[PDB]
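Let me begin by presenting the structure, written as structure tokens, before commenting on it.
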Amino acid sequence: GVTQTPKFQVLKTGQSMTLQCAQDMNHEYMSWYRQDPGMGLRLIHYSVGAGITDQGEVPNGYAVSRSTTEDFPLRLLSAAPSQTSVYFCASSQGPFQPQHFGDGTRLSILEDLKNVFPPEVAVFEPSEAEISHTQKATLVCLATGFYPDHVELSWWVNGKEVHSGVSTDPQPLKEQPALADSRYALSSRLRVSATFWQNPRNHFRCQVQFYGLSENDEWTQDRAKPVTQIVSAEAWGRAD
Amino acid sequence: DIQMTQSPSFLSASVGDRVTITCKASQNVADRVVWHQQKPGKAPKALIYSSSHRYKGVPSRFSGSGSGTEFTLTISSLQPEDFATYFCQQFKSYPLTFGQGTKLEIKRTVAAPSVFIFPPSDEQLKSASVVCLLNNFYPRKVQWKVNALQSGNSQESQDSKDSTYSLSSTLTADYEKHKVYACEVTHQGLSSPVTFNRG
Amino acid sequence: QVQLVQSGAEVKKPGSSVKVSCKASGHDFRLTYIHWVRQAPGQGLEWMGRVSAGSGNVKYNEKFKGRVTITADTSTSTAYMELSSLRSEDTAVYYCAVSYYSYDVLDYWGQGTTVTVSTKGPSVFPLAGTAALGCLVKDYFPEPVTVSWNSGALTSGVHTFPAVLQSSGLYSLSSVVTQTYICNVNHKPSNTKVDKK
Amino acid sequence: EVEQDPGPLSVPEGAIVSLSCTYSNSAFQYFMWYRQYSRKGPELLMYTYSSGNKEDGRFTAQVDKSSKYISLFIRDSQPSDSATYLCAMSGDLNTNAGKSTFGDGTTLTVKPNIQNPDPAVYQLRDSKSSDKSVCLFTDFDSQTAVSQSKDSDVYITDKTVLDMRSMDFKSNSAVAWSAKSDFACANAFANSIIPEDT
């Protein structure tokens, strides 16, 4: 379809960065949008063909280029707080034709990287009363104290990702909502049958993938550098 | 910190010609320069950011290029409202530094001046100052006699119509001790030094 | 749309303080960085500070050490600038400019507040092919002054020269034009308008 | 900007939902309908190049160029249809140079039909360590609303729906936890309750 990378990122103010977006569909028309609350999808740049690009509705602070029909990178000249947005690449057969959008790049510009911090993951075993009352067991997994909101939470039972019975909160909670850059917490629950929980051979792993600092960056602050990592907490089936 | 020495200082040009200005750097500033336009006595407005990219609304005539320590601005096919001081700024490192500027006036052929000598006023004399006017001459030296070349007191200060400078040079117990006060100016259109009394 | 206004015109003799506002409209104030630059008559352009509106984070130029102060008022969405212990040569148009689209890029500017480092009124003296004639003089503080031809009936042929700063430190200028002919001199702060033949 | 569609909308599960946008001050020709879930990009649902109707499964897109009115009809809507729906129009050489122009979007919430509600609050202990306790308010009817935390120490998540697809069972849930000791299992959810089991 339309592959764009990366899905999450943190970069310091004043830094330059290219957002990669490539398509195999041989489409002629490509465009870059930014999506904001209260502003809708606003067009940054668009390219009608190889070697031709033009400004959109909000082009200032960005730059693109179309060397080949297949690709359409988008540059940030100097990262500014106004550039914290969600960026969508799109391709189309023409200016009139419908566009098909990429998955999305969630961007976060920060003045100071000692506010980027990894999460803490904990799994809470189902209540003994819930099993006896509903014959279902709900495990709740908490990802707490992470900044910014670049996380992907998955549920792995016996080392295989599951989707049935999984509910993940759509948006995180502000742990200290009075803060302009408050850390977040996120909760999700996996509901299984009571018999499934009471099979001790059942391995329940709640894994959160956090996108933080790259090794290209500089970490002066004391504790461990907030590099992109996977943080998971594991629970085991309990017969009683 | 960075020193942005700007060239060609201040140039004249006619409309609709590929006229360019340059901005040299002292340290490496990569592509982190901004070209600004300021009208003669108004709010400046940014034109080119990151050394090559126009803001939305900037006409296609304004182009910037260069990288590292050598940066150029081009206004190819100049146009009347694109007639004012232009300066370059860097945003590599704090503190921000700018250029002195490059004002752009209208080029014309040599325009002969119009020298007028104005006697002082008795109302003023009741409190004198002779006045010389170099009305409407192009391009942009005056010496005064009261025959003594008194030096240390005198002071001086594009018209909207035909690109002609008007120039005024004023002189400032010895006035009535002398009889002849002849103005004197030098220029090219007036090839030779073209130069009243008491009553 | 987006705009900036920088305070009323201040005037101070040496040895005081001064505060200049800079009202920012347009986009979200917190995502903006407000920079202050000054430029003296016949001089280069001098950056002397900036503030992060959304974080209160301030960096000033080193040559105005302890002398400039920038504050971001996130509620009323204006930026202040406090030059204190006014040196003799703090005479310039002081500009506030905001980098919003790109960091440190100074996307747009304000009109320009004027601070110059008492008050007195002027006088006008007549100056008896072409026979030009002009009003002139005398000495005034502070600026500005305006002159018009017969209350504004001719713009071609009248040449009014920018004010010069004489030895005493108070300005005077020449206003000439190239039938009844009268200047209309006007001076704002001293309540002085003289229309002399 | 020249597109016109409003914000929030909620419909019970199993009902027909109608969405719409209008575009007066424009002569558009081609009309799309995108669907955007959280943390992903818009997905193309329908596209038409004329006044008329087009149907694909539970979806039906209509265009009335005479009334400058287009509408999307989801029928037998399920909770999985809860997303943000964007209309978009093209083909007008006098608006946006013919390019696509999007409405700011309509938010849809298909509330699950909770047959046999069983509201209750359970306290859950951690698997290994950390001495923390979450509280699970679950199995309540979708008509029940979960209020935000009014205390700075404690916090509560908005109600969320999980589908045990194996047995065609849906159930809303919300969790609450804190470190201050004066909060317990029966405390966190003292906001808009019915008779549960504790």
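Residue numbers start at 1 in each chain; chains themselves are named A, B, ... in the order of the structure tokens; ligands are numbered from 1 in the order shown.
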For chain C, which residues have at least one atom within 6 Å of chain B, if we go by only C-alpha atoms? Write them as a ChimeraX atom specification, please.
-> /C:44-45,47,61,104,107-111
Near-residue 91 (chain D) list (12 Å; only C-alpha atoms; drop same-chain fewer than 2 positions) as a ChimeraX atom specification | /A:94-98 /D:26-32,48-50,88-89,93-101
Atoms kept (C-alpha atoms) for selection, written as a PDB file, in the first residue's frame:
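Below you can see out31.pdb, which holds the result:
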```pdb
ATOM      1  CA  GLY A  94      -4.327  11.751  -9.695  1.00  0.00           C
ATOM      2  CA  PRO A  95      -5.328  15.009  -8.011  1.00  0.00           C
ATOM      3  CA  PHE A  96      -9.020  14.155  -8.433  1.00  0.00           C
ATOM      4  CA  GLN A  97      -8.753  10.479  -7.474  1.00  0.00           C
ATOM      5  CA  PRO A  98      -9.173   9.262  -3.875  1.00  0.00           C
TER       6      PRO A  98
ATOM      7  CA  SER D  26     -18.836  24.593  -4.339  1.00  0.00           C
ATOM      8  CA  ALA D  27     -19.545  22.415  -7.372  1.00  0.00           C
ATOM      9  CA  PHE D  28     -17.847  19.178  -6.381  1.00  0.00           C
ATOM     10  CA  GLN D  29     -17.904  16.037  -8.506  1.00  0.00           C
ATOM     11  CA  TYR D  30     -16.276  13.142  -6.637  1.00  0.00           C
ATOM     12  CA  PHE D  31     -17.061  12.222  -3.044  1.00  0.00           C
ATOM     13  CA  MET D  32     -15.241   9.892  -0.657  1.00  0.00           C
ATOM     14  CA  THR D  48     -18.502   7.912  -5.991  1.00  0.00           C
ATOM     15  CA  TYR D  49     -18.049   9.947  -9.182  1.00  0.00           C
ATOM     16  CA  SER D  50     -21.670  11.000  -9.771  1.00  0.00           C
ATOM     17  CA  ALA D  88     -13.968  14.398   1.241  1.00  0.00           C
ATOM     18  CA  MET D  89     -14.862  15.912  -2.119  1.00  0.00           C
ATOM     19  CA  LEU D  93     -11.465  23.278 -10.406  1.00  0.00           C
ATOM     20  CA  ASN D  94     -12.503  26.359  -8.386  1.00  0.00           C
ATOM     21  CA  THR D  95     -12.076  24.886  -4.873  1.00  0.00           C
ATOM     22  CA  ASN D  96      -8.632  23.733  -3.702  1.00  0.00           C
ATOM     23  CA  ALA D  97      -7.669  23.444  -7.404  1.00  0.00           C
ATOM     24  CA  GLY D  98      -9.839  20.322  -7.656  1.00  0.00           C
ATOM     25  CA  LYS D  99      -7.900  18.417  -4.990  1.00  0.00           C
ATOM     26  CA  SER D 100      -9.510  16.569  -2.103  1.00  0.00           C
ATOM     27  CA  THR D 101     -11.138  18.694   0.596  1.00  0.00           C
TER      28      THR D 101
END
```
Excluding residue 76 (chain C) and residues on its chain fewer than 2 positions from it, collect all residues at most 12 Å away from it, counting only C-alpha atoms, and give them as a PyMOL selection string.
-> chain C and resi 21-25+28-30+53+71-74+78-80
Deliver the residues from the most recent selection as a file, using C-alpha atoms, as a CSV table (one decimal), in the first residue's frame.
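The result, stored in selection-v9.csv:
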```csv
chain,number,residue,atom,x,y,z
C,21,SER,CA,5.3,44.7,25.6
C,22,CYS,CA,4.8,42.5,22.5
C,23,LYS,CA,1.3,41.3,22.0
C,24,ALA,CA,1.1,38.0,19.9
C,25,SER,CA,-2.1,36.9,18.2
C,28,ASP,CA,-1.3,29.2,20.0
C,29,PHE,CA,0.9,31.5,22.1
C,30,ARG,CA,2.6,28.6,24.1
C,53,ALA,CA,6.4,31.0,25.8
C,71,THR,CA,9.0,37.4,30.5
C,72,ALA,CA,6.3,35.3,28.8
C,73,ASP,CA,2.8,35.9,30.1
C,74,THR,CA,0.9,32.8,29.0
C,78,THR,CA,2.2,38.9,25.5
C,79,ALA,CA,6.0,39.1,26.0
C,80,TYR,CA,7.8,41.7,27.9
```
Could you pull out the strand (DSSP E) residues of region 23-167 of chain D from DSSP and send them as an mmCIF file with N, CA and C atoms, in the first residue's frame?
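Okay, this is what ended up in out03.cif:
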```cif
data_model
loop_
_atom_site.group_PDB
_atom_site.id
_atom_site.type_symbol
_atom_site.label_atom_id
_atom_site.label_comp_id
_atom_site.auth_asym_id
_atom_site.auth_seq_id
_atom_site.Cartn_x
_atom_site.Cartn_y
_atom_site.Cartn_z
ATOM 1 N N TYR D 30 -16.614 14.446 -7.182
ATOM 2 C CA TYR D 30 -16.276 13.142 -6.637
ATOM 3 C C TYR D 30 -16.275 13.227 -5.122
ATOM 4 N N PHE D 31 -16.837 12.209 -4.480
ATOM 5 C CA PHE D 31 -17.061 12.222 -3.044
ATOM 6 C C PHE D 31 -16.531 10.928 -2.451
ATOM 7 N N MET D 32 -15.799 11.041 -1.348
ATOM 8 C CA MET D 32 -15.241 9.892 -0.657
ATOM 9 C C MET D 32 -15.780 9.827 0.766
ATOM 10 N N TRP D 33 -15.457 8.725 1.437
ATOM 11 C CA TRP D 33 -15.797 8.545 2.845
ATOM 12 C C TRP D 33 -14.676 7.723 3.458
ATOM 13 N N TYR D 34 -13.921 8.332 4.358
ATOM 14 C CA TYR D 34 -12.842 7.657 5.058
ATOM 15 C C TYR D 34 -13.285 7.320 6.477
ATOM 16 N N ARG D 35 -12.649 6.301 7.047
ATOM 17 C CA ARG D 35 -12.885 5.913 8.430
ATOM 18 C C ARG D 35 -11.545 5.838 9.143
ATOM 19 N N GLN D 36 -11.437 6.521 10.281
ATOM 20 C CA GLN D 36 -10.172 6.634 11.001
ATOM 21 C C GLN D 36 -10.334 6.100 12.416
ATOM 22 N N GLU D 43 -8.981 5.054 6.454
ATOM 23 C CA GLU D 43 -9.199 3.928 5.559
ATOM 24 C C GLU D 43 -10.359 4.256 4.631
ATOM 25 N N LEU D 44 -10.154 4.047 3.332
ATOM 26 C CA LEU D 44 -11.160 4.416 2.344
ATOM 27 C C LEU D 44 -12.334 3.450 2.411
ATOM 28 N N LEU D 45 -13.539 3.998 2.568
ATOM 29 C CA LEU D 45 -14.757 3.198 2.655
ATOM 30 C C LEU D 45 -15.532 3.199 1.343
ATOM 31 N N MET D 46 -15.891 4.384 0.854
ATOM 32 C CA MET D 46 -16.679 4.528 -0.359
ATOM 33 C C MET D 46 -16.117 5.665 -1.197
ATOM 34 N N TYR D 47 -16.310 5.567 -2.510
ATOM 35 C CA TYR D 47 -15.997 6.670 -3.407
ATOM 36 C C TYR D 47 -16.952 6.629 -4.590
ATOM 37 N N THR D 48 -17.539 7.781 -4.909
ATOM 38 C CA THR D 48 -18.502 7.912 -5.991
ATOM 39 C C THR D 48 -18.049 9.040 -6.907
ATOM 40 N N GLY D 52 -25.936 9.690 -7.166
ATOM 41 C CA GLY D 52 -26.467 8.342 -7.179
ATOM 42 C C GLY D 52 -26.155 7.637 -5.870
ATOM 43 N N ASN D 53 -26.313 6.315 -5.894
ATOM 44 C CA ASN D 53 -26.147 5.491 -4.708
ATOM 45 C C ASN D 53 -25.222 4.319 -5.004
ATOM 46 N N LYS D 54 -24.543 3.857 -3.956
ATOM 47 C CA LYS D 54 -23.548 2.796 -4.051
ATOM 48 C C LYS D 54 -23.530 2.076 -2.712
ATOM 49 N N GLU D 55 -23.608 0.744 -2.736
ATOM 50 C CA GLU D 55 -23.682 -0.031 -1.505
ATOM 51 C C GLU D 55 -22.646 -1.148 -1.509
ATOM 52 N N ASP D 56 -22.082 -1.409 -0.329
ATOM 53 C CA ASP D 56 -20.999 -2.379 -0.164
ATOM 54 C C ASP D 56 -21.122 -2.944 1.248
ATOM 55 N N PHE D 59 -22.575 -0.821 4.337
ATOM 56 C CA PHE D 59 -22.400 0.593 4.041
ATOM 57 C C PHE D 59 -23.173 0.987 2.789
ATOM 58 N N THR D 60 -23.649 2.230 2.780
ATOM 59 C CA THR D 60 -24.349 2.787 1.627
ATOM 60 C C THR D 60 -24.022 4.269 1.550
ATOM 61 N N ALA D 61 -23.415 4.688 0.444
ATOM 62 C CA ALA D 61 -23.045 6.079 0.219
ATOM 63 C C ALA D 61 -23.974 6.680 -0.824
ATOM 64 N N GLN D 62 -24.529 7.849 -0.516
ATOM 65 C CA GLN D 62 -25.467 8.532 -1.391
ATOM 66 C C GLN D 62 -24.944 9.925 -1.716
ATOM 67 N N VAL D 63 -25.252 10.392 -2.924
ATOM 68 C CA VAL D 63 -24.862 11.722 -3.382
ATOM 69 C C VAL D 63 -26.064 12.381 -4.047
ATOM 70 N N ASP D 64 -26.434 13.565 -3.563
ATOM 71 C CA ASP D 64 -27.476 14.390 -4.175
ATOM 72 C C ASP D 64 -26.819 15.719 -4.538
ATOM 73 N N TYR D 69 -25.629 17.537 -1.103
ATOM 74 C CA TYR D 69 -25.849 16.737 0.094
ATOM 75 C C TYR D 69 -25.376 15.320 -0.184
ATOM 76 N N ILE D 70 -24.452 14.816 0.634
ATOM 77 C CA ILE D 70 -24.037 13.420 0.547
ATOM 78 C C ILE D 70 -24.200 12.778 1.917
ATOM 79 N N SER D 71 -24.446 11.468 1.919
ATOM 80 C CA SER D 71 -24.730 10.769 3.163
ATOM 81 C C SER D 71 -24.164 9.360 3.104
ATOM 82 N N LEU D 72 -23.730 8.869 4.263
ATOM 83 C CA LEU D 72 -23.256 7.501 4.422
ATOM 84 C C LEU D 72 -24.138 6.797 5.439
ATOM 85 N N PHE D 73 -24.632 5.613 5.082
ATOM 86 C CA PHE D 73 -25.535 4.843 5.934
ATOM 87 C C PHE D 73 -24.859 3.535 6.319
ATOM 88 N N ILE D 74 -24.506 3.406 7.587
ATOM 89 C CA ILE D 74 -24.113 2.124 8.156
ATOM 90 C C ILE D 74 -25.359 1.465 8.729
ATOM 91 N N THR D 84 -13.804 7.755 13.729
ATOM 92 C CA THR D 84 -14.025 9.102 13.217
ATOM 93 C C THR D 84 -14.153 9.027 11.703
ATOM 94 N N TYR D 85 -15.269 9.521 11.176
ATOM 95 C CA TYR D 85 -15.577 9.408 9.755
ATOM 96 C C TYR D 85 -15.346 10.746 9.071
ATOM 97 N N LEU D 86 -14.530 10.737 8.021
ATOM 98 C CA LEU D 86 -14.208 11.934 7.256
ATOM 99 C C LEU D 86 -14.831 11.827 5.873
ATOM 100 N N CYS D 87 -15.613 12.832 5.492
ATOM 101 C CA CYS D 87 -15.989 12.977 4.095
ATOM 102 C C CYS D 87 -14.915 13.770 3.379
ATOM 103 N N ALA D 88 -14.942 13.695 2.055
ATOM 104 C CA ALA D 88 -13.968 14.398 1.241
ATOM 105 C C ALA D 88 -14.522 14.500 -0.167
ATOM 106 N N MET D 89 -14.341 15.661 -0.788
ATOM 107 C CA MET D 89 -14.862 15.912 -2.119
ATOM 108 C C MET D 89 -13.757 16.471 -3.003
ATOM 109 N N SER D 90 -13.905 16.263 -4.308
ATOM 110 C CA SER D 90 -12.865 16.580 -5.273
ATOM 111 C C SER D 90 -13.521 17.065 -6.556
ATOM 112 N N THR D 101 -10.861 17.793 -0.512
ATOM 113 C CA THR D 101 -11.138 18.694 0.596
ATOM 114 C C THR D 101 -11.939 17.936 1.644
ATOM 115 N N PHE D 102 -11.430 17.902 2.873
ATOM 116 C CA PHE D 102 -11.970 17.051 3.926
ATOM 117 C C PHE D 102 -12.795 17.853 4.922
ATOM 118 N N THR D 106 -16.685 13.470 11.874
ATOM 119 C CA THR D 106 -17.755 13.117 12.795
ATOM 120 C C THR D 106 -17.307 11.916 13.615
ATOM 121 N N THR D 107 -17.510 11.980 14.927
ATOM 122 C CA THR D 107 -17.136 10.891 15.819
ATOM 123 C C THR D 107 -18.356 10.032 16.117
ATOM 124 N N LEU D 108 -18.198 8.719 15.971
ATOM 125 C CA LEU D 108 -19.280 7.763 16.156
ATOM 126 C C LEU D 108 -18.928 6.796 17.275
ATOM 127 N N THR D 109 -19.922 6.479 18.102
ATOM 128 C CA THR D 109 -19.766 5.540 19.212
ATOM 129 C C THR D 109 -20.957 4.587 19.183
ATOM 130 N N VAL D 110 -20.724 3.358 18.736
ATOM 131 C CA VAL D 110 -21.760 2.331 18.724
ATOM 132 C C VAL D 110 -21.716 1.630 20.077
ATOM 133 N N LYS D 111 -22.711 1.903 20.914
ATOM 134 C CA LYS D 111 -22.726 1.382 22.275
ATOM 135 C C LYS D 111 -23.144 -0.084 22.272
ATOM 136 N N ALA D 120 -20.294 -4.881 38.777
ATOM 137 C CA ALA D 120 -19.579 -5.264 39.988
ATOM 138 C C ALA D 120 -18.205 -4.616 39.967
ATOM 139 N N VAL D 121 -17.617 -4.491 41.155
ATOM 140 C CA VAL D 121 -16.273 -3.954 41.321
ATOM 141 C C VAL D 121 -15.433 -5.009 42.022
ATOM 142 N N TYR D 122 -14.343 -5.418 41.381
ATOM 143 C CA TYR D 122 -13.411 -6.381 41.945
ATOM 144 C C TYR D 122 -12.051 -5.723 42.127
ATOM 145 N N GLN D 123 -11.338 -6.144 43.166
ATOM 146 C CA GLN D 123 -9.986 -5.671 43.430
ATOM 147 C C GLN D 123 -8.995 -6.743 43.003
ATOM 148 N N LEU D 124 -7.969 -6.336 42.263
ATOM 149 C CA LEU D 124 -6.999 -7.259 41.692
ATOM 150 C C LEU D 124 -5.630 -6.994 42.295
ATOM 151 N N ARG D 125 -4.952 -8.060 42.703
ATOM 152 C CA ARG D 125 -3.602 -7.970 43.234
ATOM 153 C C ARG D 125 -2.592 -8.255 42.131
ATOM 154 N N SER D 133 -2.918 -2.212 43.928
ATOM 155 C CA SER D 133 -4.195 -2.871 43.685
ATOM 156 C C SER D 133 -4.999 -2.024 42.713
ATOM 157 N N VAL D 134 -5.373 -2.617 41.588
ATOM 158 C CA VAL D 134 -6.318 -1.997 40.677
ATOM 159 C C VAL D 134 -7.720 -2.455 41.055
ATOM 160 N N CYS D 135 -8.717 -1.689 40.628
ATOM 161 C CA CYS D 135 -10.112 -2.040 40.852
ATOM 162 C C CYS D 135 -10.829 -2.061 39.513
ATOM 163 N N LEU D 136 -11.480 -3.180 39.210
ATOM 164 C CA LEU D 136 -12.119 -3.391 37.917
ATOM 165 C C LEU D 136 -13.629 -3.253 38.075
ATOM 166 N N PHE D 137 -14.182 -2.175 37.528
ATOM 167 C CA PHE D 137 -15.625 -2.024 37.395
ATOM 168 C C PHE D 137 -16.023 -2.538 36.018
ATOM 169 N N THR D 138 -16.786 -3.631 35.983
ATOM 170 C CA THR D 138 -17.014 -4.353 34.740
ATOM 171 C C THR D 138 -18.443 -4.875 34.673
ATOM 172 N N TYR D 155 -6.886 8.056 40.018
ATOM 173 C CA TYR D 155 -7.364 8.283 38.661
ATOM 174 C C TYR D 155 -8.145 7.071 38.173
ATOM 175 N N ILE D 156 -9.021 7.323 37.203
ATOM 176 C CA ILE D 156 -9.914 6.315 36.648
ATOM 177 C C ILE D 156 -9.909 6.452 35.132
ATOM 178 N N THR D 160 -14.426 1.142 28.576
ATOM 179 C CA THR D 160 -13.959 0.539 27.341
ATOM 180 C C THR D 160 -14.618 -0.821 27.174
ATOM 181 N N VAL D 161 -14.793 -1.229 25.921
ATOM 182 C CA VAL D 161 -15.506 -2.454 25.580
ATOM 183 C C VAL D 161 -14.506 -3.480 25.066
ATOM 184 N N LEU D 162 -14.551 -4.681 25.633
ATOM 185 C CA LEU D 162 -13.792 -5.818 25.134
ATOM 186 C C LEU D 162 -14.754 -6.854 24.577
ATOM 187 N N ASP D 163 -14.354 -7.490 23.483
ATOM 188 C CA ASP D 163 -15.156 -8.516 22.833
ATOM 189 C C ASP D 163 -14.442 -9.854 22.971
ATOM 190 N N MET D 164 -15.034 -10.761 23.743
ATOM 191 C CA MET D 164 -14.624 -12.163 23.733
ATOM 192 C C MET D 164 -15.295 -12.801 22.526
#
```
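Going from CA of residue 67 (chain C) to CA of residue 85 (chain C) covers 6.9 Å.
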Residue neighbourhood region 99-102 of chain A, 10 Å, only C-alpha atoms, exclusion window fewer than 2 positions, as a ChimeraX atom specification = /A:1-5,7,21-23,27,29-33,87-97,104-105 /D:32,34,40-44,100
Mind dumping a table of every chain A residue within 8 Å of chain C, with the nearest atom pair and its distance in Å to one decimal, using only C-alpha atoms, sorted by chain and rising number, as CSV?
```
residue,atom,partner,partner_atom,distance
A:13,CA,C:103,CA,6.4
A:14,CA,C:103,CA,5.2
A:60,CA,C:101,CA,6.1
A:61,CA,C:101,CA,5.0
A:77,CA,C:102,CA,7.0
A:78,CA,C:102,CA,5.0
A:79,CA,C:103,CA,5.9
A:80,CA,C:103,CA,5.0
A:81,CA,C:31,CA,5.3
A:82,CA,C:31,CA,5.5
A:83,CA,C:101,CA,7.5
```
Return the single residue from B:179, B:54, B:141, B:108 that is closest to chain A, with distances computed using only C-alpha atoms.
->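 Nearest candidate to chain A out of B:179, B:54, B:141, B:108: B:54.
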CA of residue 59 (chain A) and CA of residue 75 (chain A) are how many Å apart?
->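 Between these atoms lies a distance of 10.8 Å.
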Give me the residues within 10 Å of residue 154 (chain A) as a PDB file with N, CA and C atoms, in the first residue's frame, counting only C-alpha atoms and dropping any in the same chain fewer than 3 places off.
```pdb
ATOM      1  N   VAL A 151       3.745   4.527  22.562  1.00  0.00           N
ATOM      2  CA  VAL A 151       3.717   3.170  23.093  1.00  0.00           C
ATOM      3  C   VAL A 151       2.801   2.305  22.241  1.00  0.00           C
ATOM      4  N   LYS A 160       2.414 -15.856  21.919  1.00  0.00           N
ATOM      5  CA  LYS A 160       1.717 -15.579  20.670  1.00  0.00           C
ATOM      6  C   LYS A 160       0.714 -14.462  20.907  1.00  0.00           C
ATOM      7  N   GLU A 161       0.766 -13.434  20.063  1.00  0.00           N
ATOM      8  CA  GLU A 161      -0.072 -12.259  20.261  1.00  0.00           C
ATOM      9  C   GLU A 161      -1.541 -12.608  20.066  1.00  0.00           C
ATOM     10  N   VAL A 162      -2.388 -12.089  20.955  1.00  0.00           N
ATOM     11  CA  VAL A 162      -3.813 -12.382  20.937  1.00  0.00           C
ATOM     12  C   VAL A 162      -4.583 -11.087  20.728  1.00  0.00           C
ATOM     13  N   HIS A 163      -5.796 -11.235  20.227  1.00  0.00           N
ATOM     14  CA  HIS A 163      -6.691 -10.105  20.017  1.00  0.00           C
ATOM     15  C   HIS A 163      -8.065 -10.312  20.634  1.00  0.00           C
ATOM     16  N   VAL A 166      -9.249  -8.792  24.300  1.00  0.00           N
ATOM     17  CA  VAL A 166      -8.303  -7.737  24.651  1.00  0.00           C
ATOM     18  C   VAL A 166      -9.003  -6.393  24.524  1.00  0.00           C
ATOM     19  N   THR A 168      -7.737  -2.357  25.169  1.00  0.00           N
ATOM     20  CA  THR A 168      -6.700  -1.400  25.522  1.00  0.00           C
ATOM     21  C   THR A 168      -7.288   0.004  25.473  1.00  0.00           C
ATOM     22  N   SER A 188      -4.776  -1.665  30.144  1.00  0.00           N
ATOM     23  CA  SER A 188      -5.430  -2.594  29.237  1.00  0.00           C
ATOM     24  C   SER A 188      -5.796  -3.849  30.010  1.00  0.00           C
ATOM     25  N   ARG A 205       1.754 -12.845  29.111  1.00  0.00           N
ATOM     26  CA  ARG A 205       2.768 -11.801  29.036  1.00  0.00           C
ATOM     27  C   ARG A 205       2.135 -10.548  28.449  1.00  0.00           C
ATOM     28  N   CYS A 206       2.168  -9.448  29.205  1.00  0.00           N
ATOM     29  CA  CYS A 206       1.724  -8.146  28.713  1.00  0.00           C
ATOM     30  C   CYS A 206       2.971  -7.352  28.350  1.00  0.00           C
ATOM     31  N   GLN A 207       3.124  -7.042  27.068  1.00  0.00           N
ATOM     32  CA  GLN A 207       4.336  -6.420  26.558  1.00  0.00           C
ATOM     33  C   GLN A 207       4.000  -5.055  25.981  1.00  0.00           C
ATOM     34  N   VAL A 208       4.763  -4.044  26.388  1.00  0.00           N
ATOM     35  CA  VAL A 208       4.600  -2.677  25.910  1.00  0.00           C
ATOM     36  C   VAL A 208       5.878  -2.284  25.184  1.00  0.00           C
ATOM     37  N   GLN A 209       5.739  -1.857  23.935  1.00  0.00           N
ATOM     38  CA  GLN A 209       6.865  -1.380  23.143  1.00  0.00           C
ATOM     39  C   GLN A 209       6.892   0.139  23.219  1.00  0.00           C
ATOM     40  N   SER A 232       7.962  -5.523  29.421  1.00  0.00           N
ATOM     41  CA  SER A 232       6.861  -6.459  29.580  1.00  0.00           C
ATOM     42  C   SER A 232       6.811  -6.966  31.012  1.00  0.00           C
TER      43      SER A 232
END
```
In region 76-142 of chain D, DSSP helix (DSSP H, G or I) residues written as an mmCIF file with N, CA, C and O atoms, in the first residue's frame:
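Output file part17.cif follows:
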```
data_model
loop_
_atom_site.group_PDB
_atom_site.id
_atom_site.type_symbol
_atom_site.label_atom_id
_atom_site.label_comp_id
_atom_site.auth_asym_id
_atom_site.auth_seq_id
_atom_site.Cartn_x
_atom_site.Cartn_y
_atom_site.Cartn_z
ATOM 1 N N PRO D 79 -20.231 -2.432 17.417
ATOM 2 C CA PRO D 79 -19.280 -1.589 18.160
ATOM 3 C C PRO D 79 -17.953 -1.383 17.448
ATOM 4 O O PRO D 79 -17.270 -0.390 17.726
ATOM 5 N N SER D 80 -17.562 -2.282 16.540
ATOM 6 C CA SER D 80 -16.318 -2.110 15.795
ATOM 7 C C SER D 80 -16.375 -0.958 14.799
ATOM 8 O O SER D 80 -15.331 -0.586 14.252
ATOM 9 N N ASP D 81 -17.554 -0.395 14.542
ATOM 10 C CA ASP D 81 -17.679 0.744 13.642
ATOM 11 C C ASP D 81 -17.403 2.075 14.334
ATOM 12 O O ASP D 81 -17.384 3.113 13.663
ATOM 13 N N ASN D 96 -9.846 24.491 -4.005
ATOM 14 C CA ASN D 96 -8.632 23.733 -3.702
ATOM 15 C C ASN D 96 -7.971 23.193 -4.970
ATOM 16 O O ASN D 96 -7.268 22.180 -4.930
ATOM 17 N N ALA D 97 -8.202 23.860 -6.103
ATOM 18 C CA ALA D 97 -7.669 23.444 -7.404
ATOM 19 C C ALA D 97 -8.106 22.029 -7.775
ATOM 20 O O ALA D 97 -7.373 21.297 -8.443
ATOM 21 N N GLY D 98 -9.306 21.632 -7.349
ATOM 22 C CA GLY D 98 -9.839 20.322 -7.656
ATOM 23 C C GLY D 98 -9.413 19.216 -6.720
ATOM 24 O O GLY D 98 -10.014 18.134 -6.755
#
```
Using only C-alpha atoms: which of A:200, A:177, A:6, A:119 has the shortest distance to chain D = A:177
Could you check how far CA of residue 186 (chain C) sits from CA of residue 134 (chain B), in Å to one decimal?
->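 Computing it gives 24.7 Å between the two atoms.
Minimum atom-to-atom distance to residue 159 (chain D), evaluated using only C-alpha atoms, belongs to D:112 out of D:112, D:13, D:196, D:130.
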